[PDB]
């Protein structure tokens, strides 16, 4: 459901991401703050199942955002893995991994894990 995924999504932390789902399974867009100021916009790229099951299952997808743009660099990257569920109350349920660039000594604490639920409202 490329038509179902394409659009603006909001999470519970105050972040917004606009994405376009290509017919070829590509996901491209921008991840930004609620405000949308230029310094807080980051490129996002991912992939999704462009031919999901028809037994009522969700649509598997994932995307990545490296936290660097033309204004700032947080030397880290986050990947979201989850599935899109359509309907009147459509949502994208995800779990993410945030990895920071670290020295070998700090590699053990380089990755944070969490979960985000995105809605169209």
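Positions refer to the first chain, counted from 1. For clarity, a rigid core is taken as the largest C-alpha set superposing within 1.5 Å between two forms.
In summary, of the stretches 73-81 and 36-44, 36-44 shows the greater Cα distance from the shown form in 5 other deposited structures of this protein, with structures fitted on the rigid core.
As listed in the deposited structure, the average C-alpha B-factor of 39-47 and of 92-100 is greater for 39-47.
The mean Cα B-factor in the deposited entry runs higher for 83-91 than for the other of 64-72 and 83-91. Per the PDB record, residue ranking by Cα B-factor puts residue 58 in the middle third of the chain. Annotation for residue 114: C-alpha temperature factor in the lowest third relative to the rest of the modelled chain, per the entry.
Sort the chain's modelled residues by C-alpha temperature factor and residue 26 lands in the middle third, per the entry.
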